[PDB]
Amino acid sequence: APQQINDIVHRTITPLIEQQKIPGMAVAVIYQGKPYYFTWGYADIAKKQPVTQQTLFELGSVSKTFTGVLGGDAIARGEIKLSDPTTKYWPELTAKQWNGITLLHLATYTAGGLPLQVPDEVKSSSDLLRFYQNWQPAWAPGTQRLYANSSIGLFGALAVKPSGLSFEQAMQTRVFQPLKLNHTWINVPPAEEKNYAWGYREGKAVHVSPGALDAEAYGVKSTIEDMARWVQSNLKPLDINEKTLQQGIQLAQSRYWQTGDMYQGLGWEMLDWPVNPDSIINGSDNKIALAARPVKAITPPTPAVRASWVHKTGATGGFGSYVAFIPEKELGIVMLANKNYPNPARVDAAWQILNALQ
């Protein structure tokens, strides 16, 4: 790699691993559109299996960016509209509180207080209907953003209905394959299991457990090479050959809501570039990231702005991930670790790197 990149990465990430006690880490820096890779430590501590470019990490909520792009792809195909009522795609969801709640609201956490998590007792589709039928809004739709798996997870599930495909088959077929993400999985198949890293929580080896709407909200596992291609594709969607996917990516980076200096896309979140680092860093702390915030409607949505910092944090019990890129600079980073360490440490490190390189 260029020495500038080797220098800043080693000075920033290597001490981060020390400080946070991360067992294993992979990083990709996209620079002038080209990926550069860095690896540390172990995917499996007991078996002393090192992190490689073939190591699968759990993405956690970085999966929401795949869901937002799949959803945008179904819009470009004319299969769904974000202006459509939720109940048009789930006819059994008839309770009156759902009435003005659209696909847009579900995709952007603005339905009016759907909870962060689907309760773990909710297992069957029957359980799920009852949950949603019984849910009472804390706010009117399109007034507050409350980051929620039960919001975007439902969006994902309903977005694929017109196509008749299961969520996983739509995702493999319409997103993973055209982009040649050949090692990215919702369900890791047998042949890939020796590459699937352990996550570590309080020194125990953990994998993410099943849960309602997991695939849709936090269920993607991927490699650093595939993640770098993910960033490449989102950096320049016009280079993508599949027309609906190309439009899908730009739809997921449109700005539908503003809260402070932050804009909500579909999965992706954006700020104008140049950004105030304190904002992104402190903003990624769960005290702020998980709190209700008032939103201003952007009427109509601003299309993908090139001068943007586009980003997303992800975590499962054993993993912590981060993706950020600036389309105007052809610059990005991906950070995959098999320990869930604080979000502000991730963003701070990513900012130090991308700021040094822009």
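Residue indices: 1-based, along the sequence shown.
**Q** Are coordinates for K287 absent from at least a third of the other PDB entries that model its neighbours?
**A** Yes, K287 lacks coordinates in at least a third of the other compared entries that model both of its neighbours.
**Q** When the Cα temperature factors in the entry are averaged, is it 267 to 275 or 143 to 151 that ends up higher?
**A** Between 267 to 275 and 143 to 151, it is 267 to 275 that shows the higher mean C-alpha B-factor.
**Q** Averaging the C-alpha B factors as listed in the entry, name the stretch that ends up higher: 43 to 51 or 62 to 70.
**A** Mean C-alpha B-factor is greater for 43 to 51.
**Q** Out of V175, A252, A111, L128, which residue has the highest Cα temperature factor in the PDB record?
**A** Result of the comparison over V175, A252, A111, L128: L128.
**Q** Based on what the PDB entry reports, which of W230, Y256, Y218, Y89 has the top C-alpha B-factor?
**A** Across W230, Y256, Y218, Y89, the entry lists the biggest C-alpha B-factor for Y89.
**Q** Using the temperature factors of the C-alpha atoms in this entry, rank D226 within its chain: lowest, middle or highest third.
**A** Lowest third, going by the recorded CA B-factors of the chain.
**Q** What third of the chain, by the recorded C-alpha B-factor, contains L103?
**A** Its C-alpha B-factor belongs to the lowest third of this chain's values.
**Q** Select lowest, middle or highest to describe the third in which the CA B-factor of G33 falls within its chain in this entry.
**A** CA B-factor rank for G33: highest third.
**Q** C-alpha B factor of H311, ranked within the chain: lowest, middle or highest third?
**A** Within its chain, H311 is a lowest-third residue by C-alpha B-factor, going by the deposited values.
**Q** When the deposited Cα B-factors of this chain's modelled residues are ordered and cut into thirds, is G78 in the lowest, the middle or the highest one?
**A** Highest third of the chain for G78's C-alpha B-factor.
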